[PDB]
């Protein structure tokens, strides 16, 4: 997976390499005798020796082995250290490699300071061939040579073995590596400005497909317009394939994996927004009927991939509450959407349009302290296939759907959404319902780039270095709306797991009391958390995005998010 | 779900109950007002209060909550103790319930001495209804009443809600509970002496199906004869359903979940013994075509399940090797199966039949030390509905298939198996091959009262109490054949995970050296094991059956296996 590296010793500055199978120190120069790689099952692979670093406990011995050996061949980094079987640490005595317990040695990659496993092992999934898209198995034996990477022939292109034994089995696939150009594996489309990849004879789970497109630099297929929906349904392009539409990795509701706005829809009524089989949270496209069906996120299906062709407060009238360049007025006289829209046209305005989470925050906290009551929103659909559009023509940037939303019914021509709940999230409604409504009309600093993004009257920033707790700063999460913005931010940053972020919640002492560094009004613990006292609290993305998990204050490191002007 | 219980305090002997929402000690009068239950997400549910025990951390408070509350409602047992959020332990001050750190209190179920988490939470899967077999979600709200178990209406039978919210969602299912009689959910069949249950409107993963019927007291369907195949092929049941044929929970090779002999086969050549999609380790039956297809163990498919209608030392001639009432002779003159069978009929004997793993051990270690050579076995098939049978009429009790075996080809009339490998495991062969062969002919205390099972010349025993390491005895695993027998024993005992067993391998001190309690010649570590030094080594069943994992010597408990008379 990805670049080879050299293993520099911290205390000496020498690079380790095997001679006759035994580890020795050497001058750190980038010749082919010092390059190390990561191969599957957490194995360290010396490229030139074609052998893998391992221990023999059957006291013990540290040397190179044939990479398919039964010896202990796995290695994990523990805070610059590198331990193996029974946490024996890789160390260097008199310039000779030896593994011993409690060793206080330091190792780091050559040319940087990051640990050996700082870069995660990236799977390289295949297409075509006989392997049905199963990922590359590194390394694999071909008549004497251990291959850690794809092979060039002309086999149609770069190819790899997909099982731990190529002498038997004989299963292989064409390597899908990240590209800059949009050919070989991709197909250009000037009409949409995005390259598509139709993995048709493959069979991957939705998470596996999303990882396959992540590692290719692309994203899972999102369909934003009717022109795209009518497309693909022609052409083999697979009979049924995955699409980025998922409920798994969002905080409630459905979304596109690339966080494009979810406003063009085409639910199969048999497998709709509210899934028939409970807990099936990942949708697929049927290239025959054209419909999108909710489905079990673990089913093995073909998949499509796409990537782009990269080229102050105000004042209003009395009663109207202000927010940035706009002002909102809530109407308690419950009315249909047509009557509310017309009545707000009479107020020389229109039904509210929402584009940021700040808009939701103000239209939940500045207007109320109802909550249970649904409130009308300008967003509406009139066409089949579904296309939600704002009443005031503004572009659809935000779609803040609740769980199992948007639940657009079959063939019903008018579909009119509203907001409910503590978070003000949206759900589709029959347009004749009589609800309250909110209407918008016009009214009347952080440091420069880079990395700062302003939410409301607070400036947020992502510190991108996997650093221990309390370094840089301590973020305080005051409300669930702040939590939601943090969720959107983390989601927009990292893909998908692998990267945690730091809260400011910490238990000094061990009494079991978690507090910020100077009132714990808001709490967002994950499943079975805290689970232990005296910890430092972190959060991540993916499923349970933003949920608080406890971490070791000593060893665990994560990224930082921090705010000013608060 | 399972039985309600009372929570007796260790130091006093009193069992706790809520009054006005606050926990107090009381005289254990086994009345319905002190009965506690387990509900999902590790929640403790008081039956009469219909509320769940919980903590408030926003300083510290222990009381009852509505089970849908956002408060900390989960509880985990730590060696008779019971901790919650941040490991605050349930305790009793002056007979009043309070959660405090480092509390040295003890709790036990009422009427016994087992801990609160000694009994595992059993899912109750459903059939019919609109939920497609998804399990019961306990508890569920119906107009004021929180229901922790299935309820009787006329609903056709017992029914439950399958989501966390039944007033919304409106998803329900028919309770599939363990039965004594063979009606209501089942269908009798005198021809086979086994009741069948065809879950057709369901969609479950292989593991969820196996657990569903495990919880039902039955086992996944195994087809042992052509009559059963022809029966299932006819029958208005599911077109495709799961069957117990799996390669996941075995040490290697395919087997039946009920450990029935795998000798009747019907592989679909499209999805055969050697899976098309690598990693597909769970097979299914097509009741239309009647073929068995290897498939992804995570696919949601219907499933069928069946339960029964319950109604040492010899000597031979020179050269021949002795084993109980039988004797084996290996022939090095490579020959076809027919030529070897005829030649051994000329020696007034027959091609070897194998019935125990001890037979495999002697025919691997007593006759040879090589290994790479395949050796003929008496087992053979002649039918197109595949049925392997011994040449000497002996009953096929053992089927010791290698990985991706039995690889029965399509329409091929003669199928003749052989043994290969270090473990002497079997694989199917074209019958014309010229191999060595082994032939058998006749020849010339523990007690079984106490749970002991004789393997070779050694008696083994499974102690049924989840006890800490070394309490009973320290088991030494000498050879891979002993490990294999242990796999058979554990598999026949426990279903499926959840129950660990104790080895004798242990690291006293923390140098990282694991040894038995009185030579580490044989080692069977699991993936990324040993993960830490100074541990006590246990093993389990399921996937990675018998593989050694390191565990805490203080807190971890497991079962015992121990041997005598060797």
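One-based numbering along the chain as shown.
Method on record in the header is X-ray crystallography, 3.3 Å.
Cβ coordinates come from backbone N, Cα and C, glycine included.
According to its DSSP assignment, residue B:136 (disulfide bond) is coil. The Cβ of residue B:136 (disulfide bond) lies under 8 Å from the Cβ of B:1, B:123, B:124, B:125, B:126, B:150, B:160, B:161, B:162, B:173, B:175, each of which sits 6+ residues away along the same chain. The disulfide bond feature in Swiss-Prot is assigned to B:136-B:160 (among others).
The disulfide bond feature in Swiss-Prot is assigned to B:150-B:175 (among others); the stated evidence is similarity to another entry. There are 22 other CB atoms within 10 A of the CB of residue B:150 (disulfide bond), with all protein chains counted. In the three-state DSSP assignment, the secondary structure recorded for residue B:150 (disulfide bond) is coil.
Taking a C-beta cut-off of under 8 Å and a sequence gap of six or more, residue B:305 (disulfide bond) has these contacts in its own chain: B:196, B:197, B:199, B:209, B:212, B:213, B:216, B:218, B:219, B:220, B:221. As annotated by Swiss-Prot, disulfide bond applies to B:213-B:305 (among others), with the evidence given as similarity to another entry.
Every protein chain considered, the tally of other Cβ atoms within 10 Å of the Cβ of residue B:297 (disulfide bond) stands at 23. Residue B:297 (disulfide bond) carries neither a helix nor a strand DSSP state and counts as coil. Swiss-Prot lists B:282-B:297 (among others) with the feature disulfide bond, giving similarity to another entry as the kind of evidence.
For residue B:439 (disulfide bond), applying a Cβ distance below 8 Å and a minimum sequence separation of six or more within one chain yields B:328, B:329, B:331, B:340, B:344, B:347, B:349, B:350, B:351, B:352. In the three-state DSSP reading, residue B:439 (disulfide bond) counts as strand. According to Swiss-Prot, the feature disulfide bond maps to B:344-B:439 (among others).
According to DSSP, residue B:431 (disulfide bond) sits in a coil region rather than a helix or strand. Residue B:431 (disulfide bond) is surrounded by 18 other CB atoms, counting those within 10 A of its CB over all protein chains shown. What Swiss-Prot lists as disulfide bond is B:416-B:431 (among others).
The disulfide bond annotation in Swiss-Prot covers B:536-B:553 (among others) and is backed by similarity to another entry. Here residue B:553 (disulfide bond) comes close to B:468, B:469, B:506, B:534, B:535, B:536: these same-chain residues lie at least six apart in sequence, with C-beta atoms under 8 angstroms from its C-beta.
When secondary structure is read from DSSP and collapsed to three states, residue B:102 (N-linked glycosylation site) falls in the coil class. The feature N-linked glycosylation site is assigned by Swiss-Prot to B:102 (among others).
Classification of residue B:310 (N-linked glycosylation site) by DSSP places it in coil, neither helical nor stranded. Annotation source Swiss-Prot lists N-linked glycosylation site at B:310 (among others).
Residues annotated as N-linked glycosylation site in Swiss-Prot, with sequence analysis given as evidence: B:332 (among others). In this structure, residue B:332 (N-linked glycosylation site) is part of a beta strand by DSSP. For residue B:332 (N-linked glycosylation site), the same-chain residues lying six or more positions away in sequence with a CB closer than 8 A to its CB are B:436.
Summarising the annotation, Swiss-Prot assigns N-linked glycosylation site to B:474 (among others). Classification of residue B:474 (N-linked glycosylation site) by DSSP places it in coil, neither helical nor stranded. In sequence order, B:502, B:503, B:504, B:506, B:516, B:517 are the residues near residue B:474 (N-linked glycosylation site), counting only same-chain partners six or more apart with C-beta under 8 A.
Between residue B:282 (disulfide bond) and residue B:416 (disulfide bond), the C-alpha separation comes to 25 Å.
Across the structure, residue B:431 (disulfide bond) and residue B:297 (disulfide bond) are spaced 33 Å apart at their Cα atoms.
Residue B:282 (disulfide bond) counts 28 other C-beta atoms within 10 Å of its own C-beta, drawing on all protein chains shown. With 6 residues not built between them, residue B:518 and residue B:519 have C-alpha atoms separated by a whole-number distance of 10 Å.
Of the recorded residues, residue B:297 (disulfide bond) and residue B:416 (disulfide bond) place their C-alpha atoms 29 Å from one another. Taking CA atoms as the reference points, residue B:102 (N-linked glycosylation site) and residue B:310 (N-linked glycosylation site) are 51 Å apart. Mapped onto three states, the DSSP output places residue B:553 (disulfide bond) in coil. A break of 2 residues separates residue B:58 from residue B:59 in the model, and their Cα atoms lie 5 Å apart. Between the disulfide-bonded residues B:160, B:175, B:416, the minimum number of other C-beta atoms within 10 Å of a residue's C-beta occurs at B:175. As deposited, the model skips 10 residues from residue B:311 to residue B:312; the distance between those two Cα positions rounds to 32 Å. Around the Cβ of residue B:310 (N-linked glycosylation site), the same chain contributes no residue under 8 angstroms that is 6 or more positions distant in sequence.
For the unresolved segment of 9 residues bounded by residue B:444 and residue B:445, the separation of the terminal Cα atoms comes to 21 Å.
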